file start-v9.csv (CSV, C-alpha atoms and all ligand atoms)
chain,number,residue,atom,x,y,z
A,2,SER,CA,91.6,17.4,-48.6
A,3,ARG,CA,88.6,19.7,-48.8
A,4,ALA,CA,86.8,17.2,-51.1
A,5,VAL,CA,87.2,14.4,-48.5
A,6,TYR,CA,86.0,16.6,-45.7
A,7,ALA,CA,82.9,17.6,-47.7
A,8,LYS,CA,81.8,14.0,-48.3
A,9,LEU,CA,82.2,13.2,-44.6
A,10,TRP,CA,80.1,16.2,-43.7
A,11,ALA,CA,77.3,15.2,-46.1
A,12,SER,CA,77.2,11.6,-44.9
A,13,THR,CA,74.5,12.5,-42.4
A,14,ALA,CA,72.5,15.0,-44.4
A,15,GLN,CA,69.4,12.8,-44.7
A,16,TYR,CA,68.7,12.5,-40.9
A,17,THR,CA,65.0,13.2,-41.4
A,18,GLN,CA,64.5,10.6,-44.1
A,19,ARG,CA,66.3,7.9,-42.0
A,20,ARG,CA,64.0,8.6,-39.1
A,21,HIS,CA,61.1,8.0,-41.4
A,22,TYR,CA,62.6,4.7,-42.4
A,23,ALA,CA,62.8,3.8,-38.7
A,24,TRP,CA,59.1,4.6,-38.4
A,25,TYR,CA,58.3,2.0,-41.1
A,26,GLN,CA,60.4,-0.7,-39.6
A,27,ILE,CA,58.9,-0.4,-36.1
A,28,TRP,CA,55.3,0.0,-37.2
A,29,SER,CA,55.6,-3.2,-39.3
A,30,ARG,CA,56.6,-5.2,-36.2
A,31,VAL,CA,53.8,-3.7,-34.1
A,32,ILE,CA,50.8,-3.6,-36.4
A,33,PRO,CA,50.0,-7.4,-36.2
A,34,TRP,CA,49.0,-7.0,-32.6
A,35,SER,CA,45.7,-5.4,-34.0
A,36,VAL,CA,44.4,-8.9,-34.9
A,37,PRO,CA,44.3,-10.5,-31.4
A,38,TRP,CA,42.9,-7.3,-29.9
A,39,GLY,CA,40.4,-7.1,-32.8
A,40,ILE,CA,39.1,-10.7,-32.4
A,41,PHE,CA,38.4,-10.1,-28.7
A,42,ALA,CA,36.5,-6.9,-29.4
A,43,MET,CA,34.1,-8.5,-31.8
A,44,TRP,CA,33.9,-11.5,-29.5
A,45,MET,CA,32.6,-9.1,-26.7
A,46,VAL,CA,30.1,-7.1,-28.7
A,47,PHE,CA,28.7,-10.1,-30.7
A,48,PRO,CA,25.8,-10.9,-28.2
A,49,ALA,CA,24.6,-7.3,-28.2
A,50,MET,CA,23.8,-7.3,-31.9
A,51,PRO,CA,20.6,-8.4,-33.6
A,52,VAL,CA,20.0,-12.0,-34.4
A,53,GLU,CA,19.9,-11.2,-38.1
A,54,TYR,CA,23.4,-9.7,-38.1
A,55,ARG,CA,24.8,-12.6,-36.0
A,56,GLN,CA,23.9,-15.1,-38.7
A,57,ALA,CA,25.6,-13.0,-41.4
A,58,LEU,CA,29.1,-12.6,-40.0
A,59,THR,CA,29.2,-16.4,-39.5
A,60,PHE,CA,27.7,-17.6,-42.9
A,61,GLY,CA,24.7,-19.2,-41.3
A,62,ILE,CA,26.8,-21.3,-38.9
A,63,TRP,CA,25.5,-19.6,-35.7
A,64,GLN,CA,22.0,-20.3,-34.6
A,65,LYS,CA,19.9,-19.6,-31.5
A,66,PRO,CA,20.5,-21.9,-28.5
A,67,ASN,CA,18.1,-24.9,-28.2
A,68,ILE,CA,17.7,-25.4,-24.4
A,69,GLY,CA,14.1,-26.7,-24.5
A,70,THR,CA,12.0,-23.6,-23.6
A,71,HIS,CA,9.9,-21.0,-25.3
A,72,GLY,CA,8.4,-23.1,-28.0
A,73,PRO,CA,5.6,-22.3,-30.5
A,74,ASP,CA,2.1,-21.9,-29.1
A,75,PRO,CA,-0.5,-24.5,-30.4
B,200,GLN,CA,6.4,-12.5,-5.4
B,201,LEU,CA,5.0,-14.5,-8.4
B,202,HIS,CA,3.6,-12.8,-11.5
B,203,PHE,CA,1.6,-14.3,-14.4
B,204,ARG,CA,4.3,-13.4,-16.9
B,205,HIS,CA,6.6,-15.8,-15.1
B,206,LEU,CA,4.6,-18.8,-16.4
B,207,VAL,CA,4.8,-17.9,-20.1
B,208,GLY,CA,7.1,-20.2,-22.1
B,209,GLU,CA,8.2,-22.1,-19.0
B,210,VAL,CA,5.1,-23.8,-17.8
B,211,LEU,CA,2.1,-22.7,-20.0
B,212,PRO,CA,1.8,-21.0,-23.3
B,213,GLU,CA,0.9,-17.3,-23.6
B,214,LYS,CA,-2.7,-17.5,-24.8
B,215,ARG,CA,-3.6,-19.9,-21.9
B,216,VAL,CA,-2.1,-17.6,-19.2
B,217,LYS,CA,-4.2,-14.7,-20.4
B,218,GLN,CA,-7.4,-16.7,-19.9
B,219,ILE,CA,-6.4,-17.5,-16.3
B,220,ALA,CA,-5.4,-13.9,-15.5
B,221,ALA,CA,-8.7,-12.5,-16.9
B,222,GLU,CA,-10.8,-14.7,-14.6
B,223,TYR,CA,-9.7,-12.5,-11.7
B,224,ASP,CA,-10.8,-9.0,-10.7
B,225,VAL,CA,-7.8,-6.7,-9.9
B,226,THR,CA,-7.9,-3.2,-8.3
B,227,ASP,CA,-6.3,-0.3,-10.2
B,228,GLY,CA,-6.2,3.4,-10.2
B,229,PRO,CA,-6.5,6.2,-9.4
B,230,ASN,CA,-8.7,7.4,-12.3
B,231,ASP,CA,-9.1,11.0,-13.5
B,232,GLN,CA,-11.6,11.7,-10.7
B,233,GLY,CA,-9.2,10.2,-8.0
B,234,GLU,CA,-11.2,7.0,-7.4
B,235,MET,CA,-10.4,3.3,-7.5
B,236,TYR,CA,-11.9,0.7,-9.8
B,237,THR,CA,-11.5,-3.0,-10.8
B,238,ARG,CA,-10.6,-4.7,-14.1
B,239,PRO,CA,-9.6,-8.1,-15.3
B,240,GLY,CA,-6.1,-9.3,-14.8
B,241,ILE,CA,-3.2,-9.1,-17.3
B,242,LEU,CA,0.2,-10.8,-17.6
B,243,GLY,CA,1.8,-8.0,-15.6
B,244,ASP,CA,-0.2,-8.6,-12.4
B,245,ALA,CA,0.8,-10.6,-9.4
B,246,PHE,CA,-0.9,-13.7,-8.1
B,247,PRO,CA,-4.0,-12.5,-6.2
B,248,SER,CA,-3.9,-12.5,-2.4
B,249,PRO,CA,-6.9,-13.8,-0.4
A,301,LIG,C1,48.6,-32.1,-26.0
A,301,LIG,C2,47.6,-31.5,-25.0
A,301,LIG,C3,46.2,-31.8,-25.3
A,301,LIG,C4,45.3,-31.6,-24.1
A,301,LIG,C5,43.8,-32.0,-24.4
A,301,LIG,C6,43.1,-31.2,-25.4
A,301,LIG,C7,43.0,-29.7,-25.1
A,301,LIG,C8,42.0,-28.9,-25.8
A,301,LIG,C9,40.5,-29.4,-25.4
A,301,LIG,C10,39.6,-28.2,-25.2
A,301,LIG,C11,38.1,-28.6,-25.0
A,301,LIG,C12,37.2,-27.4,-24.6
A,301,LIG,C13,37.4,-26.9,-23.3
A,301,LIG,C14,36.4,-25.9,-22.8
A,301,LIG,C15,36.5,-24.5,-23.5
A,301,LIG,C16,35.1,-23.8,-23.7
A,301,LIG,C17,34.4,-23.6,-22.4
A,301,LIG,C18,34.7,-22.3,-21.7
A,301,LIG,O1,35.8,-22.0,-21.3
A,301,LIG,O2,33.6,-21.6,-21.6
A,301,LIG,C19,33.7,-20.5,-20.6
A,301,LIG,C20,32.7,-20.8,-19.6
A,301,LIG,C21,31.3,-20.8,-20.1
A,301,LIG,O3,31.3,-20.5,-21.5
A,301,LIG,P1,30.0,-19.8,-22.2
A,301,LIG,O4,30.0,-18.4,-21.9
A,301,LIG,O5,28.8,-20.6,-21.7
A,301,LIG,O6,30.1,-20.1,-23.8
A,301,LIG,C22,29.1,-19.6,-24.6
A,301,LIG,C23,29.7,-19.5,-26.0
A,301,LIG,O7,30.8,-18.6,-26.0
A,301,LIG,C24,28.6,-19.0,-27.0
A,301,LIG,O8,29.1,-17.8,-27.7
A,301,LIG,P2,28.2,-16.9,-28.6
A,301,LIG,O9,27.1,-17.7,-29.1
A,301,LIG,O10,27.8,-15.7,-27.8
A,301,LIG,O11,29.1,-16.4,-29.8
A,301,LIG,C25,29.7,-17.4,-30.6
A,301,LIG,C26,30.2,-16.8,-31.9
A,301,LIG,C27,31.1,-15.7,-31.7
A,301,LIG,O12,31.4,-15.0,-32.9
A,301,LIG,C28,32.1,-13.8,-32.8
A,301,LIG,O13,32.2,-13.2,-31.8
A,301,LIG,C29,32.6,-13.4,-34.2
A,301,LIG,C30,31.9,-14.1,-35.3
A,301,LIG,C31,32.1,-13.4,-36.7
A,301,LIG,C32,33.6,-13.6,-37.2
A,301,LIG,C33,33.8,-12.9,-38.5
A,301,LIG,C34,35.1,-13.2,-39.1
A,301,LIG,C35,35.4,-12.5,-40.5
A,301,LIG,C36,36.7,-12.7,-41.1
A,301,LIG,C37,36.9,-14.2,-41.6
A,301,LIG,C38,38.2,-14.4,-42.3
A,301,LIG,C39,38.3,-15.8,-43.0
A,301,LIG,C40,39.7,-16.0,-43.6
A,301,LIG,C41,39.7,-17.3,-44.4
A,301,LIG,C42,41.1,-17.6,-45.1
A,301,LIG,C43,41.1,-18.8,-46.0
A,301,LIG,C44,42.4,-19.1,-46.6
A,301,LIG,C45,42.4,-20.3,-47.6
A,301,LIG,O14,30.9,-17.8,-32.7
A,301,LIG,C46,30.2,-18.4,-33.7
A,301,LIG,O15,29.1,-18.2,-34.0
A,301,LIG,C47,31.0,-19.5,-34.3
A,301,LIG,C48,32.0,-19.0,-35.3
A,301,LIG,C49,31.7,-19.4,-36.7
A,301,LIG,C50,32.4,-18.6,-37.8
A,301,LIG,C51,33.8,-19.0,-38.2
A,301,LIG,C52,34.8,-17.9,-37.9
A,301,LIG,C53,35.3,-17.8,-36.5
A,301,LIG,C54,36.2,-16.6,-36.2
A,301,LIG,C55,37.6,-16.8,-36.8
A,301,LIG,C56,38.5,-15.6,-36.5
A,301,LIG,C57,39.9,-15.7,-37.2
A,301,LIG,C58,40.7,-16.8,-36.7
A,301,LIG,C59,42.1,-16.9,-37.4
A,301,LIG,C60,43.0,-15.7,-37.0
A,301,LIG,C61,44.4,-15.8,-37.5
A,301,LIG,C62,44.5,-15.7,-39.1
A,301,LIG,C63,44.0,-14.3,-39.6
A,301,LIG,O16,32.7,-19.8,-18.6
A,301,LIG,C64,33.2,-20.1,-17.3
A,301,LIG,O17,33.6,-21.2,-17.0
A,301,LIG,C65,33.4,-18.9,-16.5
A,301,LIG,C66,33.9,-19.2,-15.1
A,301,LIG,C67,34.4,-18.0,-14.3
A,301,LIG,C68,35.7,-17.4,-14.8
A,301,LIG,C69,36.3,-16.3,-13.8
A,301,LIG,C70,37.5,-15.6,-14.4
A,301,LIG,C71,38.2,-14.7,-13.4
A,301,LIG,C72,37.2,-13.7,-12.7
A,301,LIG,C73,37.9,-12.7,-11.9
A,301,LIG,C74,38.5,-11.6,-12.8
A,301,LIG,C75,39.4,-10.6,-12.0
A,301,LIG,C76,40.8,-11.1,-11.7
A,301,LIG,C77,41.7,-11.3,-13.0
A,301,LIG,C78,41.9,-12.8,-13.4
A,301,LIG,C79,42.6,-13.0,-14.7
A,301,LIG,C80,42.9,-14.4,-15.0
A,301,LIG,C81,43.6,-14.6,-16.3
call {"tool": "encode", "arguments": {"input": "start-v9.csv", "output": "structure tokens", "more": "lines below"}}
Ligand SMILES: CCCCCCCCCCCCCCCCCC(=O)OC[C@H](COP(=O)([O-])OCC(O)COP(=O)([O-])OC[C@@H](COC(=O)CCCCCCCCCCCCCCCCC)OC(=O)CCCCCCCCCCCCCCCCC)OC(=O)CCCCCCCCCCCCCCCCC
result
Amino acid sequence: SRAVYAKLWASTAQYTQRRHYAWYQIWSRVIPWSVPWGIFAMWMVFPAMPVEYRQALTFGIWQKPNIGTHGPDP
Amino acid sequence: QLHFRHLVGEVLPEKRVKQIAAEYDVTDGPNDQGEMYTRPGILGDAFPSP
């Protein structure tokens, strides 16, 4: 019947929308890889920043190294 | 190969190294007239040669 043939033709009318739904599915699996790569980036540029900023991103945990040199002058 | 600045914070403090460097006469130049002159030493100078 022509009615049946019409519904079969229309079954694939929303190709473009289904490709967009594919985009979402794949990008949701891939986007978490930004965290490992992000930690390493900050890890690399941390020593090139000022001392004042290095103590802020760590909540006062980080401090200058104490190796026993360059102490105050009497 | 040694310079006075090498001693600061590793062997002696800064103010003491300045006093040692200033006790020497170091040659510098040329001046505006193209001549040489002498002046006291500074942290950037090398150990004087005899
Ligand atoms: C069962 C088995 C058990 C076995 C036994 C146990 C096993 C374990 C035992 C292990 C013991 C230790 C072993 C030793 C390890 C360490 C030593 C070591 O390795 O040192 C390296 C050693 C020397 O180390 P070093 O450089 O002296 O170390 C200096 C320090 O790094 C000094 O670094 P620094 O001072 O420059 O910077 C430090 C700074 C660095 O700081 C930073 O960079 C960033 C700081 C700011 C971070 C801001 C974060 C903001 C967001 C916070 C979010 C919070 C959420 C809270 C949620 C709460 C929920 C309730 O960090 C801090 O200040 C501290 C951090 C405090 C803040 C707390 C936050 C931390 C970050 C957290 C991130 C998120 C985590 C969770 C993620 C997942 C969930 C989301 O180097 C060598 O030996 C080099 C040898 C030569 C290597 C040659 C390699 C090959 C060369 C050829 C290459 C070409 C060929 C290719 C080859 C490729 C081969 C693969």
call {"tool": "residues_around", "arguments": {"input": "start-v9.csv", "residues": "range 219-232 of chain B", "least_positions_apart": "5", "cutoff": "9 Å", "atoms": "all atoms listed in the file", "output": "list in words"}}
result
residues 203, 237, 238, 239, 240, 241, 242, 244, 246 and 247 of chain B
call {"tool": "residues_near_ligand", "arguments": {"input": "start-v9.csv", "ligand": "ligand LIG 301 (chain A)", "cutoff": "10 Å", "atoms": "all atoms listed in the file", "output": "list in words"}}
result
residues 33, 36, 37, 39, 40, 41, 42, 43, 44, 45, 46, 47, 48, 49, 54, 55, 56, 57, 58, 59, 60, 61, 62, 63, 64, 65 and 66 of chain A
call {"tool": "closest_atom_pairs", "arguments": {"input": "start-v9.csv", "of": "chain A", "to": "chain B", "cutoff": "12 Å", "atoms": "all atoms listed in the file", "output": "JSON lines"}}
result
{"residue": "A:68", "atom": "CA", "partner": "B:209", "partner_atom": "CA", "distance": 11.4}
{"residue": "A:69", "atom": "CA", "partner": "B:209", "partner_atom": "CA", "distance": 9.3}
{"residue": "A:70", "atom": "CA", "partner": "B:208", "partner_atom": "CA", "distance": 6.1}
{"residue": "A:71", "atom": "CA", "partner": "B:208", "partner_atom": "CA", "distance": 4.3}
{"residue": "A:72", "atom": "CA", "partner": "B:208", "partner_atom": "CA", "distance": 6.7}
{"residue": "A:73", "atom": "CA", "partner": "B:212", "partner_atom": "CA", "distance": 8.2}
{"residue": "A:74", "atom": "CA", "partner": "B:212", "partner_atom": "CA", "distance": 5.9}
{"residue": "A:75", "atom": "CA", "partner": "B:212", "partner_atom": "CA", "distance": 8.2}
call {"tool": "write_last_selection", "arguments": {"input": "start-v9.csv", "atoms": "C-alpha atoms", "output": "tab-separated table (two decimals), in the frame of the given file"}}
result
chain	number	residue	atom	x	y	z
A	68	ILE	CA	17.70	-25.40	-24.40
A	69	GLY	CA	14.10	-26.70	-24.50
A	70	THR	CA	12.00	-23.60	-23.60
A	71	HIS	CA	9.90	-21.00	-25.30
A	72	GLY	CA	8.40	-23.10	-28.00
A	73	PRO	CA	5.60	-22.30	-30.50
A	74	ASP	CA	2.10	-21.90	-29.10
A	75	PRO	CA	-0.50	-24.50	-30.40
call {"tool": "atom_distance", "arguments": {"input": "start-v9.csv", "atom1": "CA of residue 204 in chain B", "atom2": "CA of residue 243 in chain B"}}
result
6.1 Å
call {"tool": "atom_distance", "arguments": {"input": "start-v9.csv", "atom1": "CA of residue 21 in chain A", "atom2": "CA of residue 7 in chain A"}}
result
24.6 Å
call {"tool": "atom_distance", "arguments": {"input": "start-v9.csv", "atom1": "CA of residue 200 in chain B", "atom2": "CA of residue 245 in chain B"}}
result
7.1 Å
call {"tool": "decode", "arguments": {"input": "start-v9.csv", "residues": "range 214-248 of chain B", "atoms": "N, CA and C atoms", "output": "PDB file, in the first residue's frame"}}
result
ATOM      1  N   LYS B 214      77.212  42.313  51.839  1.00  0.00           N
ATOM      2  CA  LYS B 214      77.856  43.541  52.296  1.00  0.00           C
ATOM      3  C   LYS B 214      79.336  43.332  52.586  1.00  0.00           C
ATOM      4  N   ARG B 215      79.727  42.127  52.996  1.00  0.00           N
ATOM      5  CA  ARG B 215      81.135  41.866  53.266  1.00  0.00           C
ATOM      6  C   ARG B 215      81.936  41.696  51.981  1.00  0.00           C
ATOM      7  N   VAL B 216      81.329  41.127  50.940  1.00  0.00           N
ATOM      8  CA  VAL B 216      82.031  40.940  49.676  1.00  0.00           C
ATOM      9  C   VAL B 216      82.306  42.284  49.011  1.00  0.00           C
ATOM     10  N   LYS B 217      81.364  43.224  49.121  1.00  0.00           N
ATOM     11  CA  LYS B 217      81.579  44.559  48.570  1.00  0.00           C
ATOM     12  C   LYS B 217      82.817  45.210  49.170  1.00  0.00           C
ATOM     13  N   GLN B 218      82.990  45.095  50.487  1.00  0.00           N
ATOM     14  CA  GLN B 218      84.143  45.703  51.141  1.00  0.00           C
ATOM     15  C   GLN B 218      85.450  45.113  50.626  1.00  0.00           C
ATOM     16  N   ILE B 219      85.464  43.812  50.333  1.00  0.00           N
ATOM     17  CA  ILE B 219      86.680  43.179  49.833  1.00  0.00           C
ATOM     18  C   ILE B 219      86.975  43.642  48.413  1.00  0.00           C
ATOM     19  N   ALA B 220      85.942  43.713  47.570  1.00  0.00           N
ATOM     20  CA  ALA B 220      86.142  44.118  46.183  1.00  0.00           C
ATOM     21  C   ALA B 220      86.637  45.557  46.092  1.00  0.00           C
ATOM     22  N   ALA B 221      86.108  46.441  46.939  1.00  0.00           N
ATOM     23  CA  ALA B 221      86.462  47.853  46.869  1.00  0.00           C
ATOM     24  C   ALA B 221      87.897  48.125  47.298  1.00  0.00           C
ATOM     25  N   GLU B 222      88.545  47.183  47.977  1.00  0.00           N
ATOM     26  CA  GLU B 222      89.927  47.363  48.400  1.00  0.00           C
ATOM     27  C   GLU B 222      90.923  47.182  47.263  1.00  0.00           C
ATOM     28  N   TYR B 223      90.457  46.865  46.061  1.00  0.00           N
ATOM     29  CA  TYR B 223      91.307  46.690  44.896  1.00  0.00           C
ATOM     30  C   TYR B 223      91.042  47.790  43.877  1.00  0.00           C
ATOM     31  N   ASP B 224      92.047  48.044  43.043  1.00  0.00           N
ATOM     32  CA  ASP B 224      91.965  49.020  41.962  1.00  0.00           C
ATOM     33  C   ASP B 224      91.886  48.272  40.639  1.00  0.00           C
ATOM     34  N   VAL B 225      90.805  48.496  39.897  1.00  0.00           N
ATOM     35  CA  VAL B 225      90.514  47.764  38.671  1.00  0.00           C
ATOM     36  C   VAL B 225      90.517  48.729  37.493  1.00  0.00           C
ATOM     37  N   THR B 226      91.063  48.274  36.366  1.00  0.00           N
ATOM     38  CA  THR B 226      91.134  49.083  35.157  1.00  0.00           C
ATOM     39  C   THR B 226      89.843  48.967  34.357  1.00  0.00           C
ATOM     40  N   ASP B 227      89.373  50.103  33.846  1.00  0.00           N
ATOM     41  CA  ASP B 227      88.146  50.143  33.063  1.00  0.00           C
ATOM     42  C   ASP B 227      88.285  51.205  31.981  1.00  0.00           C
ATOM     43  N   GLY B 228      87.381  51.150  31.006  1.00  0.00           N
ATOM     44  CA  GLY B 228      87.359  52.112  29.930  1.00  0.00           C
ATOM     45  C   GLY B 228      86.900  51.502  28.622  1.00  0.00           C
ATOM     46  N   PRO B 229      87.083  52.231  27.514  1.00  0.00           N
ATOM     47  CA  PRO B 229      87.639  53.592  27.401  1.00  0.00           C
ATOM     48  C   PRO B 229      86.634  54.674  27.780  1.00  0.00           C
ATOM     49  N   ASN B 230      87.111  55.845  28.191  1.00  0.00           N
ATOM     50  CA  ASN B 230      86.237  56.955  28.547  1.00  0.00           C
ATOM     51  C   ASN B 230      85.853  57.735  27.290  1.00  0.00           C
ATOM     52  N   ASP B 231      85.157  58.860  27.480  1.00  0.00           N
ATOM     53  CA  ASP B 231      84.696  59.654  26.345  1.00  0.00           C
ATOM     54  C   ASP B 231      85.856  60.154  25.496  1.00  0.00           C
ATOM     55  N   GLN B 232      87.024  60.352  26.100  1.00  0.00           N
ATOM     56  CA  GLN B 232      88.205  60.812  25.387  1.00  0.00           C
ATOM     57  C   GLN B 232      89.076  59.666  24.887  1.00  0.00           C
ATOM     58  N   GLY B 233      88.601  58.429  24.980  1.00  0.00           N
ATOM     59  CA  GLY B 233      89.380  57.290  24.531  1.00  0.00           C
ATOM     60  C   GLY B 233      90.600  56.989  25.373  1.00  0.00           C
ATOM     61  N   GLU B 234      90.491  57.121  26.691  1.00  0.00           N
ATOM     62  CA  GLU B 234      91.580  56.828  27.608  1.00  0.00           C
ATOM     63  C   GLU B 234      91.131  55.803  28.642  1.00  0.00           C
ATOM     64  N   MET B 235      92.112  55.197  29.302  1.00  0.00           N
ATOM     65  CA  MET B 235      91.870  54.217  30.350  1.00  0.00           C
ATOM     66  C   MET B 235      92.000  54.858  31.724  1.00  0.00           C
ATOM     67  N   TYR B 236      91.314  54.265  32.698  1.00  0.00           N
ATOM     68  CA  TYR B 236      91.303  54.774  34.061  1.00  0.00           C
ATOM     69  C   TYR B 236      91.145  53.601  35.021  1.00  0.00           C
ATOM     70  N   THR B 237      91.217  53.902  36.315  1.00  0.00           N
ATOM     71  CA  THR B 237      91.066  52.913  37.371  1.00  0.00           C
ATOM     72  C   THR B 237      89.915  53.304  38.289  1.00  0.00           C
ATOM     73  N   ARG B 238      89.347  52.300  38.948  1.00  0.00           N
ATOM     74  CA  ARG B 238      88.246  52.502  39.878  1.00  0.00           C
ATOM     75  C   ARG B 238      88.223  51.339  40.858  1.00  0.00           C
ATOM     76  N   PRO B 239      87.550  51.492  41.995  1.00  0.00           N
ATOM     77  CA  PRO B 239      87.397  50.367  42.921  1.00  0.00           C
ATOM     78  C   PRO B 239      86.568  49.243  42.317  1.00  0.00           C
ATOM     79  N   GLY B 240      86.762  48.046  42.870  1.00  0.00           N
ATOM     80  CA  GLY B 240      86.107  46.871  42.344  1.00  0.00           C
ATOM     81  C   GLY B 240      84.661  46.744  42.780  1.00  0.00           C
ATOM     82  N   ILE B 241      83.919  45.945  42.016  1.00  0.00           N
ATOM     83  CA  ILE B 241      82.512  45.681  42.264  1.00  0.00           C
ATOM     84  C   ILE B 241      82.263  44.183  42.127  1.00  0.00           C
ATOM     85  N   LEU B 242      81.044  43.774  42.486  1.00  0.00           N
ATOM     86  CA  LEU B 242      80.711  42.352  42.520  1.00  0.00           C
ATOM     87  C   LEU B 242      80.911  41.682  41.170  1.00  0.00           C
ATOM     88  N   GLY B 243      80.814  42.439  40.080  1.00  0.00           N
ATOM     89  CA  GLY B 243      80.926  41.858  38.757  1.00  0.00           C
ATOM     90  C   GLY B 243      82.336  41.589  38.288  1.00  0.00           C
ATOM     91  N   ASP B 244      83.335  42.039  39.038  1.00  0.00           N
ATOM     92  CA  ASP B 244      84.716  41.919  38.609  1.00  0.00           C
ATOM     93  C   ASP B 244      85.292  40.554  38.972  1.00  0.00           C
ATOM     94  N   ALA B 245      86.319  40.167  38.227  1.00  0.00           N
ATOM     95  CA  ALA B 245      87.044  38.929  38.448  1.00  0.00           C
ATOM     96  C   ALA B 245      88.126  39.124  39.503  1.00  0.00           C
ATOM     97  N   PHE B 246      88.548  38.016  40.099  1.00  0.00           N
ATOM     98  CA  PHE B 246      89.659  38.057  41.036  1.00  0.00           C
ATOM     99  C   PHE B 246      90.869  38.704  40.365  1.00  0.00           C
ATOM    100  N   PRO B 247      91.540  39.651  41.018  1.00  0.00           N
ATOM    101  CA  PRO B 247      92.645  40.351  40.358  1.00  0.00           C
ATOM    102  C   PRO B 247      93.840  39.438  40.130  1.00  0.00           C
ATOM    103  N   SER B 248      94.489  39.623  38.986  1.00  0.00           N
ATOM    104  CA  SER B 248      95.673  38.857  38.633  1.00  0.00           C
ATOM    105  C   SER B 248      96.937  39.630  38.989  1.00  0.00           C
TER     106      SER B 248
END
